[PDB]
Every structure is written in structure tokens, then in C-alpha cells.
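> Coordinates in start_20.pdb, PDB, C-alpha atoms and all ligand atoms, are listed below.
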ATOM      1  CA  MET U   1      32.252  71.352  78.532  1.00  0.00           C
ATOM      2  CA  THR U   2      31.355  75.045  78.379  1.00  0.00           C
ATOM      3  CA  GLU U   3      30.218  77.020  75.330  1.00  0.00           C
ATOM      4  CA  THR U   4      30.365  80.632  74.136  1.00  0.00           C
ATOM      5  CA  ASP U   5      26.923  80.949  72.545  1.00  0.00           C
ATOM      6  CA  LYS U   6      24.249  78.568  71.254  1.00  0.00           C
ATOM      7  CA  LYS U   7      20.774  79.554  72.461  1.00  0.00           C
ATOM      8  CA  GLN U   8      19.177  81.733  69.783  1.00  0.00           C
ATOM      9  CA  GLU U   9      17.130  84.733  70.916  1.00  0.00           C
ATOM     10  CA  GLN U  10      15.170  85.610  67.768  1.00  0.00           C
ATOM     11  CA  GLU U  11      12.976  88.665  68.360  1.00  0.00           C
ATOM     12  CA  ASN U  12       9.726  89.759  66.710  1.00  0.00           C
ATOM     13  CA  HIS U  13       9.210  92.368  63.991  1.00  0.00           C
ATOM     14  CA  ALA U  14       7.249  95.012  65.896  1.00  0.00           C
ATOM     15  CA  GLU U  15       4.844  93.523  68.442  1.00  0.00           C
ATOM     16  CA  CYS U  16       2.645  90.431  68.801  1.00  0.00           C
ATOM     17  CA  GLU U  17       3.633  87.776  66.258  1.00  0.00           C
ATOM     18  CA  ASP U  18      -0.037  86.808  65.896  1.00  0.00           C
ATOM     19  CA  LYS U  19      -1.252  83.922  63.717  1.00  0.00           C
ATOM     20  CA  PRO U  20      -1.254  80.611  65.686  1.00  0.00           C
ATOM     21  CA  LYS U  21      -1.501  77.749  63.195  1.00  0.00           C
ATOM     22  CA  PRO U  22      -3.732  79.105  60.378  1.00  0.00           C
ATOM     23  CA  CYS U  23      -5.737  75.966  59.625  1.00  0.00           C
ATOM     24  CA  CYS U  24      -7.802  75.374  56.479  1.00  0.00           C
ATOM     25  CA  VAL U  25     -10.661  77.561  57.739  1.00  0.00           C
ATOM     26  CA  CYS U  26      -8.435  80.549  56.956  1.00  0.00           C
ATOM     27  CA  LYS U  27      -6.767  80.925  53.556  1.00  0.00           C
ATOM     28  CA  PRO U  28      -8.800  83.034  51.018  1.00  0.00           C
ATOM     29  CA  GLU U  29      -9.051  86.205  53.119  1.00  0.00           C
ATOM     30  CA  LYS U  30      -5.335  85.804  53.818  1.00  0.00           C
ATOM     31  CA  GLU U  31      -4.522  85.918  50.110  1.00  0.00           C
ATOM     32  CA  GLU U  32      -6.802  88.938  49.720  1.00  0.00           C
ATOM     33  CA  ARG U  33      -4.923  90.762  52.477  1.00  0.00           C
ATOM     34  CA  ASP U  34      -1.494  90.003  51.017  1.00  0.00           C
ATOM     35  CA  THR U  35      -2.602  91.122  47.556  1.00  0.00           C
ATOM     36  CA  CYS U  36      -4.116  94.309  48.975  1.00  0.00           C
ATOM     37  CA  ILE U  37      -0.862  95.215  50.725  1.00  0.00           C
ATOM     38  CA  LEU U  38       1.121  94.192  47.643  1.00  0.00           C
ATOM     39  CA  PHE U  39      -0.563  96.550  45.168  1.00  0.00           C
ATOM     40  CA  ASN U  40      -1.337  99.292  47.696  1.00  0.00           C
ATOM     41  CA  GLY U  41       1.687  99.154  49.982  1.00  0.00           C
ATOM     42  CA  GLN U  42       0.031  99.102  53.397  1.00  0.00           C
ATOM     43  CA  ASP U  43      -0.009 102.897  52.998  1.00  0.00           C
ATOM     44  CA  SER U  44      -3.737 102.658  52.259  1.00  0.00           C
ATOM     45  CA  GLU U  45      -5.825 102.936  55.435  1.00  0.00           C
ATOM     46  CA  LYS U  46      -3.063 100.825  56.997  1.00  0.00           C
ATOM     47  CA  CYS U  47      -5.031  97.867  55.617  1.00  0.00           C
ATOM     48  CA  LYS U  48      -6.508  97.615  59.115  1.00  0.00           C
ATOM     49  CA  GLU U  49      -9.880  96.916  57.496  1.00  0.00           C
ATOM     50  CA  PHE U  50      -8.864  93.378  56.537  1.00  0.00           C
ATOM     51  CA  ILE U  51      -7.276  92.877  59.956  1.00  0.00           C
ATOM     52  CA  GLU U  52     -10.509  93.702  61.784  1.00  0.00           C
ATOM     53  CA  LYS U  53     -12.754  91.743  59.408  1.00  0.00           C
ATOM     54  CA  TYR U  54     -10.421  88.781  59.854  1.00  0.00           C
ATOM     55  CA  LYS U  55     -10.230  88.955  63.646  1.00  0.00           C
ATOM     56  CA  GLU U  56     -14.008  89.398  63.580  1.00  0.00           C
ATOM     57  CA  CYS U  57     -14.637  86.365  61.376  1.00  0.00           C
ATOM     58  CA  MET U  58     -12.207  84.205  63.365  1.00  0.00           C
ATOM     59  CA  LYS U  59     -12.925  85.158  66.993  1.00  0.00           C
ATOM     60  CA  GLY U  60     -16.557  84.222  66.403  1.00  0.00           C
ATOM     61  CA  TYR U  61     -16.946  80.467  65.939  1.00  0.00           C
ATOM     62  CA  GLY U  62     -13.962  80.798  63.623  1.00  0.00           C
ATOM     63  CA  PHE U  63     -10.745  79.198  64.838  1.00  0.00           C
ATOM     64  CA  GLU U  64      -8.289  80.859  67.228  1.00  0.00           C
ATOM     65  CA  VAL U  65      -6.196  84.028  67.469  1.00  0.00           C
ATOM     66  CA  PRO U  66      -3.464  84.894  70.047  1.00  0.00           C
ATOM     67  CA  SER U  67      -3.511  88.686  69.686  1.00  0.00           C
ATOM     68  CA  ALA U  68      -2.115  91.051  72.319  1.00  0.00           C
ATOM     69  CA  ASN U  69      -5.409  92.143  73.886  1.00  0.00           C
TER      70      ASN U  69
HETATM   71 CU    CU C 101      -7.377  78.334  59.930  1.00  0.00          CU
END
Represent the structure contained in this file as C-alpha cells.
Ligand SMILES: [Cu+]


Amino acid sequence: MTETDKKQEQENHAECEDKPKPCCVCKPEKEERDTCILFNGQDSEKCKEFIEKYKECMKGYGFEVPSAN
């Protein structure tokens, strides 16, 4: 029995989905980032500051991050 379509593609937003399985070691900074982008609008320094601080606090004895390298 054949079929027209079934397999879903599902693409990403821009590039690199990031975020593996954010365990319990990561939660507060996450809320701080969301709030920062909520009030600001990501139009403030691109909020890259929180991204770097996060990747810096996680890549070092933190947990795990896929990234795009
Ligand atoms: Cu975590």
C-alpha cells in the first residue's frame, strides 16, 4: 500500500536549534534571558551577552551544549 505523504520534514528557525536537554543545572539564567528579551526585545545588544555567559558557564564543567562550532 502506497502513500502520498507522511514523513514530516520540520525545519529550524534560523540555524542551529541548540539546547540539548536543559537539565536542572540550567534554569535561572534561562529565565533571566527570556525576561531580558521580553522587556527589551532582543534589539538590545542582540542579547548576545547572556548567550556567551551561558555558553561559558555550561561548556566549563557545566553540562552540555550542541552549538554549531
Ligand atoms: Cu541543565

> Which residues of chain U come within 7 Å of ligand CU 101 (chain C), and for each one, what is the closest pair of atoms and their distance in Å to one decimal, counting all atoms listed in the file, sorted by chain and residue number, as a tab-separated table?


residue	atom	partner	partner_atom	distance
U:21	CA	C:CU101	CU	6.7
U:22	CA	C:CU101	CU	3.8
U:23	CA	C:CU101	CU	2.9
U:24	CA	C:CU101	CU	4.6
U:25	CA	C:CU101	CU	4.0
U:26	CA	C:CU101	CU	3.9
U:27	CA	C:CU101	CU	6.9
U:63	CA	C:CU101	CU	6.0

> Output the residue selection produced by the PyMOL selection byres (((chain U and resi 65) around 12) and not hetatm) on the file above, formatted as JSON, numbers by chain.

{"U": [16, 17, 18, 19, 20, 21, 22, 23, 26, 51, 54, 55, 56, 57, 58, 59, 60, 61, 62, 63, 64, 66, 67, 68, 69]}

> Could you tell me how far CA of residue 31 (chain U) lies from CA of residue 49 (chain U), in Å and to one decimal?

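Those two atoms sit 14.3 Å apart.
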
> Would you compute the distance between CA of residue 42 (chain U) and CA of residue 9 (chain U)? Give it in Å to one decimal.

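According to the coordinates, CA of residue 42 (chain U) and CA of residue 9 (chain U) are separated by 28.4 Å.
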
> Would you write out, as a list in words, every residue that the PyMOL selection byres (((chain U and resi 33) around 12) and not hetatm) captures in this file?

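Evaluating the PyMOL selection byres (((chain U and resi 33) around 12) and not hetatm) on these coordinates yields residues 26, 27, 28, 29, 30, 31, 32, 34, 35, 36, 37, 38, 39, 40, 41, 42, 44, 46, 47, 48, 49, 50, 51, 52, 53 and 54 of chain U.
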
> Return region 37-48 of chain U, completed with N, CA, C and O atoms, as an mmCIF file, in the coordinates of the input.


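What follows is the written file part_0.cif:
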data_model
loop_
_atom_site.group_PDB
_atom_site.id
_atom_site.type_symbol
_atom_site.label_atom_id
_atom_site.label_comp_id
_atom_site.auth_asym_id
_atom_site.auth_seq_id
_atom_site.Cartn_x
_atom_site.Cartn_y
_atom_site.Cartn_z
ATOM 1 N N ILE U 37 -2.067 94.546 50.248
ATOM 2 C CA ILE U 37 -0.862 95.215 50.725
ATOM 3 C C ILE U 37 0.219 95.236 49.649
ATOM 4 O O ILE U 37 1.098 96.099 49.653
ATOM 5 N N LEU U 38 0.145 94.286 48.723
ATOM 6 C CA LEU U 38 1.121 94.192 47.643
ATOM 7 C C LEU U 38 0.949 95.330 46.639
ATOM 8 O O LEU U 38 1.905 96.036 46.319
ATOM 9 N N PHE U 39 -0.272 95.503 46.144
ATOM 10 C CA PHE U 39 -0.563 96.550 45.168
ATOM 11 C C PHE U 39 -0.606 97.930 45.819
ATOM 12 O O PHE U 39 -0.080 98.897 45.268
ATOM 13 N N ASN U 40 -1.231 98.019 46.988
ATOM 14 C CA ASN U 40 -1.337 99.292 47.696
ATOM 15 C C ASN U 40 -0.010 99.680 48.340
ATOM 16 O O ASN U 40 0.596 100.686 47.974
ATOM 17 N N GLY U 41 0.436 98.874 49.301
ATOM 18 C CA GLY U 41 1.687 99.154 49.982
ATOM 19 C C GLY U 41 1.497 99.400 51.461
ATOM 20 O O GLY U 41 2.350 100.004 52.110
ATOM 21 N N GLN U 42 0.367 98.934 51.985
ATOM 22 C CA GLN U 42 0.031 99.102 53.397
ATOM 23 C C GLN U 42 -0.171 100.580 53.740
ATOM 24 O O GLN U 42 -0.612 100.917 54.840
ATOM 25 N N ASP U 43 0.141 101.459 52.789
ATOM 26 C CA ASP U 43 -0.009 102.897 52.998
ATOM 27 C C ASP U 43 -1.446 103.340 52.738
ATOM 28 O O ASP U 43 -1.747 104.534 52.738
ATOM 29 N N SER U 44 -2.330 102.369 52.518
ATOM 30 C CA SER U 44 -3.737 102.658 52.259
ATOM 31 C C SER U 44 -4.609 102.232 53.436
ATOM 32 O O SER U 44 -4.926 101.052 53.592
ATOM 33 N N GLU U 45 -4.990 103.202 54.267
ATOM 34 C CA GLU U 45 -5.825 102.936 55.435
ATOM 35 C C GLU U 45 -5.150 101.929 56.364
ATOM 36 O O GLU U 45 -5.795 101.327 57.222
ATOM 37 N N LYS U 46 -3.842 101.755 56.183
ATOM 38 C CA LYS U 46 -3.063 100.825 56.997
ATOM 39 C C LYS U 46 -3.556 99.391 56.825
ATOM 40 O O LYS U 46 -3.109 98.486 57.530
ATOM 41 N N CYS U 47 -4.476 99.192 55.884
ATOM 42 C CA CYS U 47 -5.031 97.867 55.617
ATOM 43 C C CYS U 47 -5.592 97.242 56.891
ATOM 44 O O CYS U 47 -5.697 96.020 57.003
ATOM 45 N N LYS U 48 -5.959 98.087 57.850
ATOM 46 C CA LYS U 48 -6.508 97.615 59.115
ATOM 47 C C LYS U 48 -7.907 97.041 58.918
ATOM 48 O O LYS U 48 -8.407 96.296 59.761
#
